[PDB]
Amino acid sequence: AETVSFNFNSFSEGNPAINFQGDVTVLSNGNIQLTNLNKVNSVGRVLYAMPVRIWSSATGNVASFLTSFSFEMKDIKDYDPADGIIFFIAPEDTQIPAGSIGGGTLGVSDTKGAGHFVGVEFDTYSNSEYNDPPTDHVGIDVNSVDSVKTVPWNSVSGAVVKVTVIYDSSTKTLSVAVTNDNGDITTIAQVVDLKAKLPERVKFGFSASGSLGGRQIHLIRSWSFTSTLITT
């Protein structure tokens, strides 16, 4: 079997293992800050630099994966706390969309909300243009920020949030468990055919964005991942 495994307890600027895109910076404490608090339509993304083979064209086999990460969103004075973080999967050549308006696009889609990715968004602003539910939510996205499915959630300013994701290749199920500060868990699951929506090799990572009036601290604190593709 073919296994990709890594663990980040902290992150650093001089690390070739991470691709830094756009407005992302690494703080002295080791956290990744995705957006620039002084920039209009700020977009920042991080990707695990090695492409991951999620399916084989030879066997037709699809990989399963288990991933865990921790993040924090914090309100800043005079700005609407927006727009949120998306944990995404995309083709290995993925870049911030050209002329990205940030905001509701979460740095992965065009103005109409379309792109080439599969993601788990932690959405803190209701964009009517992307049919967002009225409150903070966790969504499962397939090539669109107009989520296939959402669950109500609450983004607590300055709270450390823990996420666990399981992709089961046999049932094609993407399952997410989110652990809040008040200790409650929020879950969301959706059948997503990764072999049909994404290429053989993909990159995994995080994206966040803001607009002129919508900005907040988006921090990635830790990330562990394991994928296993059966090679028989």
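Residues carry their position along the shown sequence, with the first being 1.
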Legend entry - Of 35 to 43 and 160 to 168, the one with larger mean CA B-factor: 35 to 43
Legend entry - Mean C-alpha B-factor comparison - 75 to 83 and 131 to 139, higher one: 75 to 83
Legend entry - Most elevated Cα B-factor in the entry, residues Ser209, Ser224, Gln21, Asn15: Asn15
Legend entry - From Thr187, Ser57, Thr67, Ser64, residue of greatest CA B-factor: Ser57
Legend entry - Cα B factor band for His116 (lowest, middle or highest third within the chain): middle
Inset, instruction - Please place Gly107 in the lowest, middle or highest third of its chain by C-alpha B factor as given in the entry. - result: middle
Legend entry - Third assignment of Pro152 from its chain's C-alpha B-factors: lowest
Inset, instruction - Grab the CA temperature factor for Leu194 from the record and place it in the lowest, middle or highest third of its chain. - result: lowest
Legend entry - Third of the chain's Cα B-factor distribution that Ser100 belongs to, per the entry: highest
